[PDB]
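Below you will find one chain, with nothing else, as structure tokens; this is the form deposited without thymidine-5'-diphosphate, and questions on how it binds or moves follow later.
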């Protein structure tokens, strides 16, 4: 019967939007669903229809990032024993905890624990780098599960870490994740456990065929596009004269694209010279950039990506899940010029190896590569066919609706 369910996410709109269909599935089954994050994300939560719970204070991650992306210690794209000594994987955990996880989470973890103590959720569903979530859950005995937008490099890197940890003598064992999260749990009289790192189970929006196999309790769920507040405009109605090519700087990540590789304006100009229709979703920032707007190019601040991608031929993006997933469910071939940050590279590579799209490193992106890649995805039918196979795989996955009872049972099993 009736549950209180707390969603927890770091203050990224892009992360939040991946959680909205599952949150609404649970609300639609009669459960109370509250979404907690830093105050900066309150307005975004409120536009999802879901109840927002602002917790703690805003953090400095964006200043830290812009003032300094892809270096070997931030590269979790190849989480394999073969490529990690103990000290390499330990160092990755040390730096990811210090720079990313603590910045994202420490600003709100105590306030989240407080809210959980007051509200007493039966279940906490957490974005996979929102480790404040399982801490708060554990303190109040709630069941808790990750909800994945990601190729699961996090749990896979953890597996590598634990294999190497087991090879060390007792005195040389160190775990930055256990120190950090165990420290916080200790202050509330609770123990650390490995389930705070990977959840009691994992609800996974990545199609099984493209996901890394792991020793987890895994609940596959269908990705349903939610790209933030949307309306269908009048101009959308007229189905497309020639191949439609869509380009997003993303939903975040706009303002951390290095600057140091091929500019937005150069990409627009390349696409401007092609026999296609271009729709470019660009932020006021990079909109000021451009001298001309090509004849074949329409520019938008907001577009409902899910409404735009039906019938489109190509989506060009940095590997964010909103874009990746929405193109996937529409069977649209993807071109992903990106970096080894988060799982973006894996998002590109997974499609590339399946023959459903193309990945290239952002640093290697030229007008010639852009043009040739788009041409190939338009002309070579093998791309659409492979994309269509992935579309069908998504379509066979149980919906949020279908997994509601599974989540209910798992909560009963693992919670208070």
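Residue numbers count along the first chain shown, from 1. Under this definition, the rigid core comprises the largest set of C-alpha atoms superposing within 1.5 Å between the forms.
The same protein also has a form solved in complex with thymidine-5'-diphosphate, omitted here; what follows describes it.
*Asks:* Say thymidine-5'-diphosphate is put on the shown chain the way it sits in the entry with it bound, by superposing the C-alphas near its site; is the site then open or blocked (3+ ligand atoms within 2.4 Å of backbone or C-beta)?
*Replies:* Output flag = blocked.
*Asks:* How about residue 134 - does it come within 4.5 Å of thymidine-5'-diphosphate in the entry with it bound, if we only consider non-hydrogen atoms?
*Replies:* It does not: once thymidine-5'-diphosphate is placed as it appears in the entry with it bound, residue 134 has no heavy atom within 4.5 Å of it.
*Asks:* Is residue 318 one of the residues lying within 4.5 Å of thymidine-5'-diphosphate in the entry with it bound, judged by heavy atom distances?
*Replies:* So residue 318 counts as contacting thymidine-5'-diphosphate.
*Asks:* State yes or no: in the entry with it bound, is some non-hydrogen atom of residue 79 no more than 4.5 angstroms from a non-hydrogen atom of thymidine-5'-diphosphate?
*Replies:* Contact with thymidine-5'-diphosphate, no.
*Asks:* Would residue 176 sit within 4.5 Å of thymidine-5'-diphosphate in the entry with it bound, counting heavy atoms only?
*Replies:* Because no heavy atom of residue 176 falls inside 4.5 Å of thymidine-5'-diphosphate in the entry with it bound, the answer is no.
*Asks:* Find the only residue in 337, 331, 128, 322 having a heavy atom within 4.5 Å of thymidine-5'-diphosphate in the entry with it bound.
*Replies:* Only one option qualifies, and that one is 322.
*Asks:* By the heavy atom within 4.5 Å rule, which residue out of 74, 103, 211, 252 makes contact with thymidine-5'-diphosphate in the entry with it bound?
*Replies:* The option sitting close enough to the partner is 252.
*Asks:* Is it true that 123, 202 and 411 each have at least one non-hydrogen atom within 4.5 Å of thymidine-5'-diphosphate in the entry with it bound?
*Replies:* No, the whole trio is out of contact, none within 4.5 Å by any heavy atom.
*Asks:* For the interface check, one of 155-163, 303-311, 286-294, 183-191 should have non-hydrogen atoms within 4.5 Å of thymidine-5'-diphosphate in the entry with it bound; which one?
*Replies:* It is 303-311 that comes within 4.5 Å of the partner.
*Asks:* If you fit the rigid core between this form and the one not shown, which of 251, 123, 160, 279 ends up with a C-alpha shift of 2 Å or more?
*Replies:* Spelled out, the residue whose C-alpha shifts by 2 Å or more is 251.
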